[PDB]
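Novice: Structure file query.pdb (PDB, N, CA and C atoms) is given on the next line.
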ATOM      1  N   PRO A   1      -3.346 -19.594   7.741  1.00  0.00           N
ATOM      2  CA  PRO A   1      -3.685 -18.146   7.934  1.00  0.00           C
ATOM      3  C   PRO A   1      -4.360 -17.877   9.318  1.00  0.00           C
ATOM      4  N   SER A   2      -3.574 -17.855  10.400  1.00  0.00           N
ATOM      5  CA  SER A   2      -4.049 -17.997  11.794  1.00  0.00           C
ATOM      6  C   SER A   2      -4.506 -16.687  12.448  1.00  0.00           C
ATOM      7  N   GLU A   3      -5.217 -16.827  13.566  1.00  0.00           N
ATOM      8  CA  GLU A   3      -5.731 -15.664  14.316  1.00  0.00           C
ATOM      9  C   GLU A   3      -4.630 -14.745  14.778  1.00  0.00           C
ATOM     10  N   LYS A   4      -3.534 -15.356  15.262  1.00  0.00           N
ATOM     11  CA  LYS A   4      -2.332 -14.615  15.673  1.00  0.00           C
ATOM     12  C   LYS A   4      -1.549 -13.863  14.558  1.00  0.00           C
ATOM     13  N   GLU A   5      -1.465 -14.451  13.366  1.00  0.00           N
ATOM     14  CA  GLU A   5      -0.735 -13.850  12.262  1.00  0.00           C
ATOM     15  C   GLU A   5      -1.493 -12.591  11.855  1.00  0.00           C
ATOM     16  N   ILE A   6      -2.824 -12.668  11.837  1.00  0.00           N
ATOM     17  CA  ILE A   6      -3.627 -11.489  11.485  1.00  0.00           C
ATOM     18  C   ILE A   6      -3.511 -10.397  12.584  1.00  0.00           C
ATOM     19  N   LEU A   7      -3.528 -10.827  13.841  1.00  0.00           N
ATOM     20  CA  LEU A   7      -3.398  -9.897  14.954  1.00  0.00           C
ATOM     21  C   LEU A   7      -2.037  -9.206  14.880  1.00  0.00           C
ATOM     22  N   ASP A   8      -0.969  -9.988  14.641  1.00  0.00           N
ATOM     23  CA  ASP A   8       0.331  -9.382  14.482  1.00  0.00           C
ATOM     24  C   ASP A   8       0.443  -8.398  13.285  1.00  0.00           C
ATOM     25  N   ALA A   9      -0.052  -8.833  12.100  1.00  0.00           N
ATOM     26  CA  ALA A   9      -0.211  -7.964  10.950  1.00  0.00           C
ATOM     27  C   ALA A   9      -0.966  -6.665  11.235  1.00  0.00           C
ATOM     28  N   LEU A  10      -2.090  -6.725  11.940  1.00  0.00           N
ATOM     29  CA  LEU A  10      -2.733  -5.468  12.461  1.00  0.00           C
ATOM     30  C   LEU A  10      -1.806  -4.622  13.285  1.00  0.00           C
ATOM     31  N   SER A  11      -0.964  -5.255  14.121  1.00  0.00           N
ATOM     32  CA  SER A  11      -0.138  -4.477  15.054  1.00  0.00           C
ATOM     33  C   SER A  11       0.956  -3.776  14.278  1.00  0.00           C
ATOM     34  N   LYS A  12       1.479  -4.492  13.278  1.00  0.00           N
ATOM     35  CA  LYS A  12       2.481  -3.966  12.359  1.00  0.00           C
ATOM     36  C   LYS A  12       1.952  -2.746  11.628  1.00  0.00           C
ATOM     37  N   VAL A  13       0.762  -2.854  11.065  1.00  0.00           N
ATOM     38  CA  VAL A  13       0.090  -1.683  10.472  1.00  0.00           C
ATOM     39  C   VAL A  13      -0.133  -0.524  11.490  1.00  0.00           C
ATOM     40  N   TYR A  14      -0.728  -0.859  12.624  1.00  0.00           N
ATOM     41  CA  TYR A  14      -0.912   0.116  13.713  1.00  0.00           C
ATOM     42  C   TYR A  14       0.373   0.901  14.049  1.00  0.00           C
ATOM     43  N   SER A  15       1.513   0.216  14.209  1.00  0.00           N
ATOM     44  CA  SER A  15       2.757   0.886  14.554  1.00  0.00           C
ATOM     45  C   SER A  15       3.279   1.849  13.469  1.00  0.00           C
ATOM     46  N   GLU A  16       2.661   1.892  12.264  1.00  0.00           N
ATOM     47  CA  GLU A  16       3.189   2.667  11.151  1.00  0.00           C
ATOM     48  C   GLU A  16       2.986   4.152  11.418  1.00  0.00           C
ATOM     49  N   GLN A  17       4.048   4.949  11.254  1.00  0.00           N
ATOM     50  CA  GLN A  17       3.986   6.424  11.460  1.00  0.00           C
ATOM     51  C   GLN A  17       2.826   7.070  10.704  1.00  0.00           C
ATOM     52  N   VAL A  18       2.588   6.658   9.448  1.00  0.00           N
ATOM     53  CA  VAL A  18       1.461   7.200   8.663  1.00  0.00           C
ATOM     54  C   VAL A  18       0.082   6.796   9.211  1.00  0.00           C
ATOM     55  N   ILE A  19      -0.031   5.637   9.845  1.00  0.00           N
ATOM     56  CA  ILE A  19      -1.271   5.276  10.535  1.00  0.00           C
ATOM     57  C   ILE A  19      -1.359   6.001  11.864  1.00  0.00           C
ATOM     58  N   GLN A  20      -0.251   6.084  12.608  1.00  0.00           N
ATOM     59  CA  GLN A  20      -0.279   6.843  13.878  1.00  0.00           C
ATOM     60  C   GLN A  20      -0.665   8.330  13.744  1.00  0.00           C
ATOM     61  N   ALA A  21      -0.263   8.906  12.618  1.00  0.00           N
ATOM     62  CA  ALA A  21      -0.513  10.310  12.283  1.00  0.00           C
ATOM     63  C   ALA A  21      -1.976  10.583  11.872  1.00  0.00           C
ATOM     64  N   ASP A  22      -2.802   9.540  11.776  1.00  0.00           N
ATOM     65  CA  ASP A  22      -4.175   9.658  11.295  1.00  0.00           C
ATOM     66  C   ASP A  22      -5.151   9.047  12.282  1.00  0.00           C
ATOM     67  N   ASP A  23      -5.882   9.925  12.977  1.00  0.00           N
ATOM     68  CA  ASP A  23      -6.698   9.524  14.101  1.00  0.00           C
ATOM     69  C   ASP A  23      -7.792   8.506  13.755  1.00  0.00           C
ATOM     70  N   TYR A  24      -8.374   8.590  12.542  1.00  0.00           N
ATOM     71  CA  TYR A  24      -9.424   7.629  12.126  1.00  0.00           C
ATOM     72  C   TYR A  24      -8.877   6.211  11.846  1.00  0.00           C
ATOM     73  N   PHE A  25      -7.853   6.111  11.021  1.00  0.00           N
ATOM     74  CA  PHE A  25      -7.272   4.798  10.784  1.00  0.00           C
ATOM     75  C   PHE A  25      -6.619   4.204  12.029  1.00  0.00           C
ATOM     76  N   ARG A  26      -5.909   5.019  12.807  1.00  0.00           N
ATOM     77  CA  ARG A  26      -5.248   4.481  14.025  1.00  0.00           C
ATOM     78  C   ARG A  26      -6.234   3.797  14.978  1.00  0.00           C
ATOM     79  N   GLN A  27      -7.363   4.475  15.248  1.00  0.00           N
ATOM     80  CA  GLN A  27      -8.404   4.008  16.168  1.00  0.00           C
ATOM     81  C   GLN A  27      -9.147   2.783  15.608  1.00  0.00           C
ATOM     82  N   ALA A  28      -9.547   2.897  14.358  1.00  0.00           N
ATOM     83  CA  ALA A  28     -10.105   1.795  13.604  1.00  0.00           C
ATOM     84  C   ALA A  28      -9.254   0.520  13.699  1.00  0.00           C
ATOM     85  N   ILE A  29      -7.982   0.625  13.330  1.00  0.00           N
ATOM     86  CA  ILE A  29      -7.107  -0.566  13.442  1.00  0.00           C
ATOM     87  C   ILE A  29      -7.055  -1.062  14.899  1.00  0.00           C
ATOM     88  N   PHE A  30      -6.961  -0.092  15.809  1.00  0.00           N
ATOM     89  CA  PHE A  30      -6.852  -0.402  17.200  1.00  0.00           C
ATOM     90  C   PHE A  30      -8.098  -1.199  17.648  1.00  0.00           C
ATOM     91  N   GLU A  31      -9.267  -0.819  17.141  1.00  0.00           N
ATOM     92  CA  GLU A  31     -10.491  -1.443  17.585  1.00  0.00           C
ATOM     93  C   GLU A  31     -10.695  -2.836  17.031  1.00  0.00           C
ATOM     94  N   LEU A  32     -10.391  -3.007  15.756  1.00  0.00           N
ATOM     95  CA  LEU A  32     -10.423  -4.280  15.117  1.00  0.00           C
ATOM     96  C   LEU A  32      -9.430  -5.236  15.813  1.00  0.00           C
ATOM     97  N   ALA A  33      -8.187  -4.790  16.024  1.00  0.00           N
ATOM     98  CA  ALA A  33      -7.185  -5.661  16.724  1.00  0.00           C
ATOM     99  C   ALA A  33      -7.678  -6.023  18.119  1.00  0.00           C
ATOM    100  N   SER A  34      -8.331  -5.100  18.848  1.00  0.00           N
ATOM    101  CA  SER A  34      -8.862  -5.455  20.163  1.00  0.00           C
ATOM    102  C   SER A  34      -9.984  -6.468  20.087  1.00  0.00           C
ATOM    103  N   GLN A  35     -10.830  -6.361  19.071  1.00  0.00           N
ATOM    104  CA  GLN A  35     -11.925  -7.292  18.949  1.00  0.00           C
ATOM    105  C   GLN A  35     -11.385  -8.695  18.675  1.00  0.00           C
ATOM    106  N   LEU A  36     -10.400  -8.775  17.789  1.00  0.00           N
ATOM    107  CA  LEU A  36      -9.708 -10.014  17.465  1.00  0.00           C
ATOM    108  C   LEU A  36      -9.070 -10.597  18.709  1.00  0.00           C
ATOM    109  N   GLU A  37      -8.212  -9.819  19.332  1.00  0.00           N
ATOM    110  CA  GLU A  37      -7.583 -10.300  20.538  1.00  0.00           C
ATOM    111  C   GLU A  37      -8.600 -10.863  21.522  1.00  0.00           C
ATOM    112  N   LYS A  38      -9.690 -10.123  21.725  1.00  0.00           N
ATOM    113  CA  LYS A  38     -10.699 -10.475  22.710  1.00  0.00           C
ATOM    114  C   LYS A  38     -11.492 -11.702  22.247  1.00  0.00           C
ATOM    115  N   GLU A  39     -12.259 -11.594  21.159  1.00  0.00           N
ATOM    116  CA  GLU A  39     -13.187 -12.653  20.730  1.00  0.00           C
ATOM    117  C   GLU A  39     -12.568 -13.681  19.788  1.00  0.00           C
ATOM    118  N   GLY A  40     -11.385 -13.423  19.234  1.00  0.00           N
ATOM    119  CA  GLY A  40     -10.936 -14.235  18.097  1.00  0.00           C
ATOM    120  C   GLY A  40     -11.464 -13.805  16.713  1.00  0.00           C
ATOM    121  N   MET A  41     -11.138 -14.572  15.676  1.00  0.00           N
ATOM    122  CA  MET A  41     -11.408 -14.202  14.273  1.00  0.00           C
ATOM    123  C   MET A  41     -12.800 -14.578  13.872  1.00  0.00           C
ATOM    124  N   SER A  42     -13.323 -13.895  12.887  1.00  0.00           N
ATOM    125  CA  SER A  42     -14.625 -14.261  12.367  1.00  0.00           C
ATOM    126  C   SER A  42     -14.711 -13.726  10.958  1.00  0.00           C
ATOM    127  N   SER A  43     -15.596 -14.335  10.185  1.00  0.00           N
ATOM    128  CA  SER A  43     -16.071 -13.907   8.888  1.00  0.00           C
ATOM    129  C   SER A  43     -16.351 -12.416   8.886  1.00  0.00           C
ATOM    130  N   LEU A  44     -17.200 -11.990   9.826  1.00  0.00           N
ATOM    131  CA  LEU A  44     -17.551 -10.603  10.004  1.00  0.00           C
ATOM    132  C   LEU A  44     -16.346  -9.685  10.150  1.00  0.00           C
ATOM    133  N   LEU A  45     -15.453 -10.044  11.069  1.00  0.00           N
ATOM    134  CA  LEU A  45     -14.290  -9.236  11.398  1.00  0.00           C
ATOM    135  C   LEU A  45     -13.335  -9.145  10.180  1.00  0.00           C
ATOM    136  N   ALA A  46     -13.222 -10.259   9.463  1.00  0.00           N
ATOM    137  CA  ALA A  46     -12.412 -10.345   8.278  1.00  0.00           C
ATOM    138  C   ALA A  46     -12.908  -9.268   7.329  1.00  0.00           C
ATOM    139  N   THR A  47     -14.230  -9.237   7.181  1.00  0.00           N
ATOM    140  CA  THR A  47     -14.943  -8.315   6.299  1.00  0.00           C
ATOM    141  C   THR A  47     -14.695  -6.896   6.658  1.00  0.00           C
ATOM    142  N   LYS A  48     -14.767  -6.593   7.982  1.00  0.00           N
ATOM    143  CA  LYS A  48     -14.496  -5.280   8.510  1.00  0.00           C
ATOM    144  C   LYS A  48     -13.057  -4.838   8.293  1.00  0.00           C
ATOM    145  N   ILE A  49     -12.083  -5.677   8.580  1.00  0.00           N
ATOM    146  CA  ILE A  49     -10.692  -5.266   8.311  1.00  0.00           C
ATOM    147  C   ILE A  49     -10.483  -5.085   6.808  1.00  0.00           C
ATOM    148  N   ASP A  50     -10.958  -6.027   6.022  1.00  0.00           N
ATOM    149  CA  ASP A  50     -10.891  -5.881   4.560  1.00  0.00           C
ATOM    150  C   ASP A  50     -11.403  -4.504   4.071  1.00  0.00           C
ATOM    151  N   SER A  51     -12.612  -4.128   4.509  1.00  0.00           N
ATOM    152  CA  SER A  51     -13.212  -2.873   4.131  1.00  0.00           C
ATOM    153  C   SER A  51     -12.333  -1.714   4.566  1.00  0.00           C
ATOM    154  N   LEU A  52     -11.816  -1.762   5.810  1.00  0.00           N
ATOM    155  CA  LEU A  52     -10.978  -0.668   6.313  1.00  0.00           C
ATOM    156  C   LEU A  52      -9.651  -0.546   5.502  1.00  0.00           C
ATOM    157  N   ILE A  53      -8.997  -1.674   5.221  1.00  0.00           N
ATOM    158  CA  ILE A  53      -7.754  -1.671   4.457  1.00  0.00           C
ATOM    159  C   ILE A  53      -7.981  -1.319   2.993  1.00  0.00           C
ATOM    160  N   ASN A  54      -9.033  -1.846   2.371  1.00  0.00           N
ATOM    161  CA  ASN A  54      -9.389  -1.333   1.017  1.00  0.00           C
ATOM    162  C   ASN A  54      -9.507   0.187   0.999  1.00  0.00           C
ATOM    163  N   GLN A  55     -10.240   0.726   1.995  1.00  0.00           N
ATOM    164  CA  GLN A  55     -10.487   2.135   2.142  1.00  0.00           C
ATOM    165  C   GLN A  55      -9.162   2.867   2.293  1.00  0.00           C
ATOM    166  N   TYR A  56      -8.251   2.336   3.124  1.00  0.00           N
ATOM    167  CA  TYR A  56      -6.943   2.977   3.278  1.00  0.00           C
ATOM    168  C   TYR A  56      -6.169   2.982   1.926  1.00  0.00           C
ATOM    169  N   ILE A  57      -6.117   1.803   1.306  1.00  0.00           N
ATOM    170  CA  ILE A  57      -5.346   1.676   0.019  1.00  0.00           C
ATOM    171  C   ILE A  57      -5.899   2.630  -1.059  1.00  0.00           C
ATOM    172  N   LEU A  58      -7.211   2.583  -1.257  1.00  0.00           N
ATOM    173  CA  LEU A  58      -7.809   3.403  -2.309  1.00  0.00           C
ATOM    174  C   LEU A  58      -7.652   4.918  -1.986  1.00  0.00           C
ATOM    175  N   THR A  59      -7.716   5.276  -0.692  1.00  0.00           N
ATOM    176  CA  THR A  59      -7.713   6.666  -0.300  1.00  0.00           C
ATOM    177  C   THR A  59      -6.333   7.213  -0.608  1.00  0.00           C
ATOM    178  N   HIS A  60      -5.320   6.354  -0.487  1.00  0.00           N
ATOM    179  CA  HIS A  60      -3.948   6.783  -0.675  1.00  0.00           C
ATOM    180  C   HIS A  60      -3.367   6.422  -2.010  1.00  0.00           C
ATOM    181  N   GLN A  61      -4.218   6.109  -2.971  1.00  0.00           N
ATOM    182  CA  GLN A  61      -3.782   5.817  -4.358  1.00  0.00           C
ATOM    183  C   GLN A  61      -2.705   4.735  -4.470  1.00  0.00           C
ATOM    184  N   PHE A  62      -2.836   3.680  -3.648  1.00  0.00           N
ATOM    185  CA  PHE A  62      -1.957   2.530  -3.661  1.00  0.00           C
ATOM    186  C   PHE A  62      -0.582   2.901  -3.101  1.00  0.00           C
ATOM    187  N   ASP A  63      -0.492   4.074  -2.494  1.00  0.00           N
ATOM    188  CA  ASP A  63       0.738   4.505  -1.826  1.00  0.00           C
ATOM    189  C   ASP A  63       0.572   4.224  -0.330  1.00  0.00           C
ATOM    190  N   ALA A  64       0.897   2.996   0.056  1.00  0.00           N
ATOM    191  CA  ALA A  64       0.732   2.512   1.433  1.00  0.00           C
ATOM    192  C   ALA A  64       1.958   1.635   1.710  1.00  0.00           C
ATOM    193  N   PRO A  65       2.422   1.622   2.975  1.00  0.00           N
ATOM    194  CA  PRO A  65       3.571   0.810   3.391  1.00  0.00           C
ATOM    195  C   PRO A  65       3.310  -0.694   3.143  1.00  0.00           C
ATOM    196  N   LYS A  66       4.379  -1.492   3.026  1.00  0.00           N
ATOM    197  CA  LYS A  66       4.263  -2.918   2.759  1.00  0.00           C
ATOM    198  C   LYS A  66       3.286  -3.593   3.721  1.00  0.00           C
ATOM    199  N   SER A  67       3.346  -3.201   5.003  1.00  0.00           N
ATOM    200  CA  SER A  67       2.546  -3.872   6.033  1.00  0.00           C
ATOM    201  C   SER A  67       1.051  -3.822   5.735  1.00  0.00           C
ATOM    202  N   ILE A  68       0.629  -2.766   5.085  1.00  0.00           N
ATOM    203  CA  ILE A  68      -0.786  -2.558   4.725  1.00  0.00           C
ATOM    204  C   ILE A  68      -1.167  -3.566   3.667  1.00  0.00           C
ATOM    205  N   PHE A  69      -0.305  -3.703   2.687  1.00  0.00           N
ATOM    206  CA  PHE A  69      -0.521  -4.722   1.675  1.00  0.00           C
ATOM    207  C   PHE A  69      -0.411  -6.134   2.212  1.00  0.00           C
ATOM    208  N   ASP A  70       0.536  -6.353   3.137  1.00  0.00           N
ATOM    209  CA  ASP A  70       0.655  -7.612   3.814  1.00  0.00           C
ATOM    210  C   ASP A  70      -0.631  -8.044   4.567  1.00  0.00           C
ATOM    211  N   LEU A  71      -1.066  -7.230   5.533  1.00  0.00           N
ATOM    212  CA  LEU A  71      -2.382  -7.337   6.133  1.00  0.00           C
ATOM    213  C   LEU A  71      -3.502  -7.512   5.119  1.00  0.00           C
ATOM    214  N   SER A  72      -3.575  -6.639   4.164  1.00  0.00           N
ATOM    215  CA  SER A  72      -4.648  -6.796   3.141  1.00  0.00           C
ATOM    216  C   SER A  72      -4.685  -8.219   2.566  1.00  0.00           C
ATOM    217  N   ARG A  73      -3.494  -8.757   2.227  1.00  0.00           N
ATOM    218  CA  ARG A  73      -3.349 -10.039   1.645  1.00  0.00           C
ATOM    219  C   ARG A  73      -3.904 -11.151   2.552  1.00  0.00           C
ATOM    220  N   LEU A  74      -3.512 -11.082   3.817  1.00  0.00           N
ATOM    221  CA  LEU A  74      -3.935 -12.029   4.794  1.00  0.00           C
ATOM    222  C   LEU A  74      -5.452 -12.104   4.999  1.00  0.00           C
ATOM    223  N   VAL A  75      -6.130 -10.964   5.140  1.00  0.00           N
ATOM    224  CA  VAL A  75      -7.571 -10.992   5.373  1.00  0.00           C
ATOM    225  C   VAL A  75      -8.296 -11.280   4.082  1.00  0.00           C
ATOM    226  N   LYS A  76      -7.710 -10.930   2.930  1.00  0.00           N
ATOM    227  CA  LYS A  76      -8.316 -11.429   1.651  1.00  0.00           C
ATOM    228  C   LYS A  76      -8.339 -12.965   1.526  1.00  0.00           C
ATOM    229  N   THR A  77      -7.283 -13.633   1.978  1.00  0.00           N
ATOM    230  CA  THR A  77      -7.237 -15.103   1.990  1.00  0.00           C
ATOM    231  C   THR A  77      -8.404 -15.726   2.805  1.00  0.00           C
ATOM    232  N   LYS A  78      -8.536 -15.390   4.098  1.00  0.00           N
ATOM    233  CA  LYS A  78      -9.846 -15.409   4.859  1.00  0.00           C
ATOM    234  C   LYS A  78      -9.441 -14.884   6.195  1.00  0.00           C
TER     235      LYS A  78
END
Reformat the file's structure so that it appears as structure tokens.
Specialist:
Amino acid sequence: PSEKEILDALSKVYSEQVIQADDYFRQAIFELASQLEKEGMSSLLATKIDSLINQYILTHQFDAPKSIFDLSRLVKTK
């Protein structure tokens, strides 16, 4: 479960029309992916993406594109 796979999974989520259409989630994902790219992965960052993706999933009543669930899965693993 590598630093790059998570970064790519973030980018996949970021590119989603429903994420692009929403200024809070778009920027949030953008910031987390930049922190990862810059500093690498961490416990903390894992926690932050987890919280953001939980928030996205719950806010949308489990109606989220596959990539969101894919990302969610990856950061849940660690």
Novice: Counting all atoms listed in the file, what is within 6.5 Å of region 27-42 of chain A, bar same-chain residues fewer than 3 positions away, as a PyMOL selection string?
Specialist: chain A and resi 3+7+10+14+22-24+45-47
Novice: Between atom C of residue 72 (chain A) and atom N of residue 1 (chain A), what is the distance in Å, rounded to a tenth?
Specialist: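 That distance, rounded to one decimal, is 12.6 Å.
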Novice: I need the residue nearest residue 6 (chain A) from this list: A:52, A:19, A:74, A:69. Use only C-alpha atoms for the distance.
Specialist: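 Closest to residue 6 (chain A), using only C-alpha atoms: A:74.
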Novice: Using backbone DSSP assignments, extract all alpha helix (DSSP H) residues from chain A; output them as number ranges by chain.
Specialist: A: 3-14, 17-20, 23-39, 43-59, 66-77
Novice: Quick one: which residues end up in the PyMOL selection byres (((chain A and resi 70 and name CA) around 12) and name CA) for this structure, as a PDB file with N, CA and C atoms, keeping the file's coordinate frame?
Specialist:
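Saved the output as selection-v3.pdb:
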ATOM      1  N   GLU A   5      -1.465 -14.451  13.366  1.00  0.00           N
ATOM      2  CA  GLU A   5      -0.735 -13.850  12.262  1.00  0.00           C
ATOM      3  C   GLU A   5      -1.493 -12.591  11.855  1.00  0.00           C
ATOM      4  N   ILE A   6      -2.824 -12.668  11.837  1.00  0.00           N
ATOM      5  CA  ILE A   6      -3.627 -11.489  11.485  1.00  0.00           C
ATOM      6  C   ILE A   6      -3.511 -10.397  12.584  1.00  0.00           C
ATOM      7  N   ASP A   8      -0.969  -9.988  14.641  1.00  0.00           N
ATOM      8  CA  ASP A   8       0.331  -9.382  14.482  1.00  0.00           C
ATOM      9  C   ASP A   8       0.443  -8.398  13.285  1.00  0.00           C
ATOM     10  N   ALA A   9      -0.052  -8.833  12.100  1.00  0.00           N
ATOM     11  CA  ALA A   9      -0.211  -7.964  10.950  1.00  0.00           C
ATOM     12  C   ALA A   9      -0.966  -6.665  11.235  1.00  0.00           C
ATOM     13  N   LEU A  10      -2.090  -6.725  11.940  1.00  0.00           N
ATOM     14  CA  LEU A  10      -2.733  -5.468  12.461  1.00  0.00           C
ATOM     15  C   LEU A  10      -1.806  -4.622  13.285  1.00  0.00           C
ATOM     16  N   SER A  11      -0.964  -5.255  14.121  1.00  0.00           N
ATOM     17  CA  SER A  11      -0.138  -4.477  15.054  1.00  0.00           C
ATOM     18  C   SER A  11       0.956  -3.776  14.278  1.00  0.00           C
ATOM     19  N   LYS A  12       1.479  -4.492  13.278  1.00  0.00           N
ATOM     20  CA  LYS A  12       2.481  -3.966  12.359  1.00  0.00           C
ATOM     21  C   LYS A  12       1.952  -2.746  11.628  1.00  0.00           C
ATOM     22  N   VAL A  13       0.762  -2.854  11.065  1.00  0.00           N
ATOM     23  CA  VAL A  13       0.090  -1.683  10.472  1.00  0.00           C
ATOM     24  C   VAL A  13      -0.133  -0.524  11.490  1.00  0.00           C
ATOM     25  N   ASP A  50     -10.958  -6.027   6.022  1.00  0.00           N
ATOM     26  CA  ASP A  50     -10.891  -5.881   4.560  1.00  0.00           C
ATOM     27  C   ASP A  50     -11.403  -4.504   4.071  1.00  0.00           C
ATOM     28  N   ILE A  53      -8.997  -1.674   5.221  1.00  0.00           N
ATOM     29  CA  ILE A  53      -7.754  -1.671   4.457  1.00  0.00           C
ATOM     30  C   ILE A  53      -7.981  -1.319   2.993  1.00  0.00           C
ATOM     31  N   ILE A  57      -6.117   1.803   1.306  1.00  0.00           N
ATOM     32  CA  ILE A  57      -5.346   1.676   0.019  1.00  0.00           C
ATOM     33  C   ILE A  57      -5.899   2.630  -1.059  1.00  0.00           C
ATOM     34  N   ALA A  64       0.897   2.996   0.056  1.00  0.00           N
ATOM     35  CA  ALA A  64       0.732   2.512   1.433  1.00  0.00           C
ATOM     36  C   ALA A  64       1.958   1.635   1.710  1.00  0.00           C
ATOM     37  N   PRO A  65       2.422   1.622   2.975  1.00  0.00           N
ATOM     38  CA  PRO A  65       3.571   0.810   3.391  1.00  0.00           C
ATOM     39  C   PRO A  65       3.310  -0.694   3.143  1.00  0.00           C
ATOM     40  N   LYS A  66       4.379  -1.492   3.026  1.00  0.00           N
ATOM     41  CA  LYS A  66       4.263  -2.918   2.759  1.00  0.00           C
ATOM     42  C   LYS A  66       3.286  -3.593   3.721  1.00  0.00           C
ATOM     43  N   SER A  67       3.346  -3.201   5.003  1.00  0.00           N
ATOM     44  CA  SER A  67       2.546  -3.872   6.033  1.00  0.00           C
ATOM     45  C   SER A  67       1.051  -3.822   5.735  1.00  0.00           C
ATOM     46  N   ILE A  68       0.629  -2.766   5.085  1.00  0.00           N
ATOM     47  CA  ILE A  68      -0.786  -2.558   4.725  1.00  0.00           C
ATOM     48  C   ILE A  68      -1.167  -3.566   3.667  1.00  0.00           C
ATOM     49  N   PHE A  69      -0.305  -3.703   2.687  1.00  0.00           N
ATOM     50  CA  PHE A  69      -0.521  -4.722   1.675  1.00  0.00           C
ATOM     51  C   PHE A  69      -0.411  -6.134   2.212  1.00  0.00           C
ATOM     52  N   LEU A  71      -1.066  -7.230   5.533  1.00  0.00           N
ATOM     53  CA  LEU A  71      -2.382  -7.337   6.133  1.00  0.00           C
ATOM     54  C   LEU A  71      -3.502  -7.512   5.119  1.00  0.00           C
ATOM     55  N   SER A  72      -3.575  -6.639   4.164  1.00  0.00           N
ATOM     56  CA  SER A  72      -4.648  -6.796   3.141  1.00  0.00           C
ATOM     57  C   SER A  72      -4.685  -8.219   2.566  1.00  0.00           C
ATOM     58  N   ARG A  73      -3.494  -8.757   2.227  1.00  0.00           N
ATOM     59  CA  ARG A  73      -3.349 -10.039   1.645  1.00  0.00           C
ATOM     60  C   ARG A  73      -3.904 -11.151   2.552  1.00  0.00           C
ATOM     61  N   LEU A  74      -3.512 -11.082   3.817  1.00  0.00           N
ATOM     62  CA  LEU A  74      -3.935 -12.029   4.794  1.00  0.00           C
ATOM     63  C   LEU A  74      -5.452 -12.104   4.999  1.00  0.00           C
ATOM     64  N   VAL A  75      -6.130 -10.964   5.140  1.00  0.00           N
ATOM     65  CA  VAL A  75      -7.571 -10.992   5.373  1.00  0.00           C
ATOM     66  C   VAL A  75      -8.296 -11.280   4.082  1.00  0.00           C
ATOM     67  N   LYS A  76      -7.710 -10.930   2.930  1.00  0.00           N
ATOM     68  CA  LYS A  76      -8.316 -11.429   1.651  1.00  0.00           C
ATOM     69  C   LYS A  76      -8.339 -12.965   1.526  1.00  0.00           C
ATOM     70  N   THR A  77      -7.283 -13.633   1.978  1.00  0.00           N
ATOM     71  CA  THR A  77      -7.237 -15.103   1.990  1.00  0.00           C
ATOM     72  C   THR A  77      -8.404 -15.726   2.805  1.00  0.00           C
TER      73      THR A  77
END
Novice: So the first atom is atom C of residue 61 (chain A) and the second is atom C of residue 44 (chain A); what is the distance between them in Å, to one decimal place?
Specialist: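 Between atom C of residue 61 (chain A) and atom C of residue 44 (chain A) the gap is 24.7 Å.
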Novice: Give the answer as one residue: which of A:63, A:4, A:56, A:43 has the shortest atom-to-atom distance to residue 25 (chain A), using all atoms listed in the file?
Specialist: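 Residue with the minimum atom-to-atom distance to residue 25 (chain A): A:56.
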Novice: Kindly provide, as JSON, the centre and edge lengths (Å, one decimal) of an axis-aligned box around all atoms of region 10-23 of chain A given in the file, with 6 Å on each side.
Specialist:
{"center_x": -1.9, "center_y": 1.9, "center_z": 11.9, "size_x": 23.8, "size_y": 29.3, "size_z": 18.4}
Novice: Work out how far apart CA of residue 78 (chain A) and atom C of residue 49 (chain A) are and give it in Å to one decimal.
Specialist: 10.5 Å
